[PDB]
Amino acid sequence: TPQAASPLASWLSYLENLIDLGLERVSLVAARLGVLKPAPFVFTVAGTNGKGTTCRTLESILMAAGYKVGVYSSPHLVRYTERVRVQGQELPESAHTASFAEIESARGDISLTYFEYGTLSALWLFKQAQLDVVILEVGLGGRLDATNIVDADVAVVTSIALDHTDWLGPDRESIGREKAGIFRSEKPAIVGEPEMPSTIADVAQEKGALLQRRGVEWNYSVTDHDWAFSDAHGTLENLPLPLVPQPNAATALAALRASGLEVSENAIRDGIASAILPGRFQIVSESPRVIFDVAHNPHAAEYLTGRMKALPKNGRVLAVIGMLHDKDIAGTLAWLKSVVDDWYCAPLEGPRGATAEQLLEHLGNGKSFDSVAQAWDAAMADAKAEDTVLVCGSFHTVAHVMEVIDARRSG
């Protein structure tokens, strides 16, 4: 058993090597720790896709508005510490190991899972920091996610589509019911998904939550160079085109206006203008245009394909791909194949990672490589200045490339 002085790596290894579902055990330990209400105001964000960027937008705006903000996020690209941000920054590794020692002693003989530990740890780090606002990204689903032991002041649903069907149900209706579990009596329930499953309205009714959905209570319009927003409180014009998916920026703005937090129009403009997340349609360079997007399911791949198609009339689209078997590979590739010209396949290490050959079988074309790095090198060697190189398929794939680019800065 590690201690507060142990290196973080020893903690994570200990946490990775570990019954009765339901939030009881995690709730009982959280009660002993007094972290059930991490800040005076909490936003909890659920959804199939766009949770991370909706959270980032909220954080950007609130920081410009002068609030002390904490953000819980998952998963992480490279380092575990990316998961807990305070004022947009990561916390010392020793802060994380101390919180782990605190949870370890507080749990007594109560057993916790990896995500339960990390969630309690984030709640603890936030409490210690004395913040005004805490933004929690749900780990998986809603009703049964560790983040649901906290009662959100504003609950958010970014989108609903298919992913984690093994846990959440086989359809949008069953998935929507689970995600909506984060709703609360008399609290705004912000739904940014344009085709809302009825089960979300059912759950809002069962709880007495205040449902405010895109297309009904609020809406937005776009232009080639800006956008406008509207809700029951009025409208906003000439907003900055976002650097995160357009639907998520509107969702965050809706949740923000519904919170009653005092935020000026200028703090809104500044926050929307600077909100961006590595690996979420990130334009890394030009000539050739390089893009990183961790789209790992059919709904996100369809969104990426729409973005790809909106790009200027180009040359060729080369793609560097690595995927995990626990995702709908065939479904994801079907969409991507509609815009990709040349495929460069690589394996992902471990148990759940697919081999280059497995991806290739789905593609029907392309070259296989020994690693993501070699695939990346090959794509960049072949790419012309008028082309676009896309690194996609998983967080692991985008991370492998960011790390190689970084290490080379040192050569």
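Residue indices: 1-based, along the sequence shown.
Student: Select one of none, 1 to 3, 4 to 9, or 10 or more to describe the deposited residues without coordinates separating residue 18 and residue 19.
Tutor: Per the deposited record, the segment joining residue 18 and residue 19 lacks coordinates for 4 to 9 residues.
Student: Do the C-alpha atoms of 54-62 or of 364-372 have the higher average B factor in the entry?
Tutor: Of 54-62 and 364-372, the stretch with the higher C-alpha B-factor average is 364-372.
Student: Taking the mean of the C-alpha B-factors per stretch from the entry, tell me the winner out of 4-12 and 400-408.
Tutor: Between 4-12 and 400-408, it is 4-12.
Student: By the CA temperature factor listed in this entry, which of these ranks top: 195, 286, 116, 151?
Tutor: Checking the PDB record, the top C-alpha B-factor among 195, 286, 116, 151 is at 286.
Student: Quiz for you: based on the deposited Cα B-factor, which of 128, 266, 223, 97 is highest?
Tutor: Across 128, 266, 223, 97, the entry lists the biggest C-alpha B-factor for 223.
Student: Ranked by Cα temperature factor within the chain, is residue 392 in the lowest third, the middle third or the highest third?
Tutor: CA B-factor rank for residue 392: middle third.
Student: Please place residue 88 in the lowest, middle or highest third of its chain by C-alpha B factor as given in the entry.
Tutor: It falls in the middle third of the chain.
Student: Using the B-factors in the PDB entry, rank residue 278's C-alpha atom against the chain and give the third, lowest, middle or highest.
Tutor: Within its chain, residue 278 is a middle-third residue by C-alpha B-factor, going by the deposited values.
Student: Going by the CA temperature factor in the PDB record, which third of the chain does residue 40 belong to: lowest, middle or highest?
Tutor: It belongs to the middle third of the chain when residues are ordered by C-alpha B-factor.
Student: Per the entry's values, where does residue 236 land by CA temperature factor relative to the rest of its chain, in the lowest, middle or highest third?
Tutor: Highest third.
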